[PDB]
Amino acid sequence: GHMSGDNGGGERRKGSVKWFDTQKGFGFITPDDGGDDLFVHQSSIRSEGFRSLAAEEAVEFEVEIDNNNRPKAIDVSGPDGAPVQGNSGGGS
């Protein structure tokens, strides 16, 4: 059948970036309402266009557990869940 011990993908969380390094190729988010820091990088940002995070920045995201069993943060947006213009576009 369909495993559903969670929301069926990545459960919503909030936090603040520990650091986003494009050189290292990895970053981490400290979840404000969670425990373990979640891995975050460009491919986990809510942006399909311009996707990058600022080290000290606060964020709202979904936390998804990677195949390494380490939970990672994706669909990263502002702390209020506010989308950035670089997410896709919009026009306004």
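Using ideal geometry, Cβ is built from the backbone for each residue, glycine included, and neighbour counts are taken over all protein chains shown. Here, each number is a calculation from the coordinates, and none is a lab measurement.
Write down the radius of gyration of the range 24-92 and its Dmax, each obtained from C-alpha positions, in Å.
So, for the range 24-92, Rg and Dmax equal 11.8, 39 Å respectively.
Are there any GluC sites (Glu not before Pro) in the chain that are in a DSSP loop and have at most 12 other Cβ atoms within 10 Å? List them by number.
On the way: sites: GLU11, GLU48, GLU56, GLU57, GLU60, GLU62, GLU64; in loops: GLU48, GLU56, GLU57.
The qualifying sites are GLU48, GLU56.
Show me, for the range 69-82, the HN-Hα J-couplings you get by feeding each phi into the Karplus relation (A = 6.51, B = -1.76, C = 1.60, θ = phi - 60°), rounded to Hz, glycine and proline as x.
For the range 69-82, the Karplus curve yields 6, 9, x, 10, 9, 9, 6, 4, 9, x, x, 8, x, 6 Hz.
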